[PDB]
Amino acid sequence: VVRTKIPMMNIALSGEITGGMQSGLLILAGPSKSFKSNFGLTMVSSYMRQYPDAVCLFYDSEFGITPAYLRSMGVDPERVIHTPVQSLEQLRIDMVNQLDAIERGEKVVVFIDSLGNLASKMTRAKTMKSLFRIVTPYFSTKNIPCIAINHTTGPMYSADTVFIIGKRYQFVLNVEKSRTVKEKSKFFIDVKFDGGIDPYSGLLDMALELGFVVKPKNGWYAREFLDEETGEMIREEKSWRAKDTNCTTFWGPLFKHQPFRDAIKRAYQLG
């Protein structure tokens, strides 16, 4: 299990609060300036923190991510193998050579920033499709994740997972394709004006849908917990404003409440 710091991301990835990223190709797609490559980097960073052992193969065609940017996202640049790329053909040739030099068990995350601005060498959609069909088996055989950014039967159905990200500050992530999560699930991702990626994103809304948080007064919020013995939802005594909920004293008891975790899996996780 490789989970991130954002419980809403873990859900989008695995269907559960306690889940995380899988091996395979994940495409993060959407208009540019929606924080896609930051979400990508959060994932790379989590992988590299879980495995001090790991390296990141970083195929770069944008040149916006530098050592300083990586450090601020908590990625060690010393463990990043940087390959600038100017075409899909070159992307394919270099990925295949490196994926082939890797053994099952080695920790390696692939991050591609970005697919949509690479020339084949018109025939772009075709070449992109066959790049995916060529690299995806390696991801699965060698058991590694690959996160690809793509600024907006199609090529992206050769991927294992597709997130489409849009503007609702506030982002909506739409699960277009997944092995683990119901297609078309919508998750809310907040990015603060300081460019800060809220780890409490979407929790309060979701808990409100799932019943585990209610609203005694307008703009006030209360938790409700299922008592196994009496089959009733028991409110807490206390009432919170929305801003006081972004804290572990608020979320911690719910995250620990199995019914909350189960209501999330049942709402989102596949088969």
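One rule holds for the numbers: they count along the sequence shown, beginning at 1.
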Do any residues of the deposited sequence lie unmodelled between residue 168 and residue 169, and which range holds their number: none, 1 to 3, 4 to 9, or 10 or more? 10 or more
Unmodelled deposited residues between residue 152 and residue 153: none, 1 to 3, 4 to 9, or 10 or more? 10 or more
Stretch with higher mean Cα temperature factor, 189 to 197 vs 124 to 132, is 189 to 197
Tell me which stretch, 24 to 32 or 209 to 217, has the higher mean Cα B-factor listed in the entry. 209 to 217
Among 105, 145, 137, 77, where is the Cα temperature factor highest, going by the PDB entry? 105
Between 87, 72, 98, 83, where does the Cα B-factor run highest in the record? 98
Would you please rank residue 38 by its C-alpha temperature factor against the other modelled residues of its chain and give the third it falls in: lowest, middle or highest? middle
Assert third(CA B-factor, residue 47) within chain per record equals middle
CA B-factor ranking of residue 110, expressed as a third of its chain: lowest
Among the modelled residues of its chain, does the C-alpha B-factor of residue 172 lie in the lowest, middle or highest third? highest
Comparing residue 232 with the other modelled residues of its chain, is its CA B-factor in the lowest, middle or highest third? middle
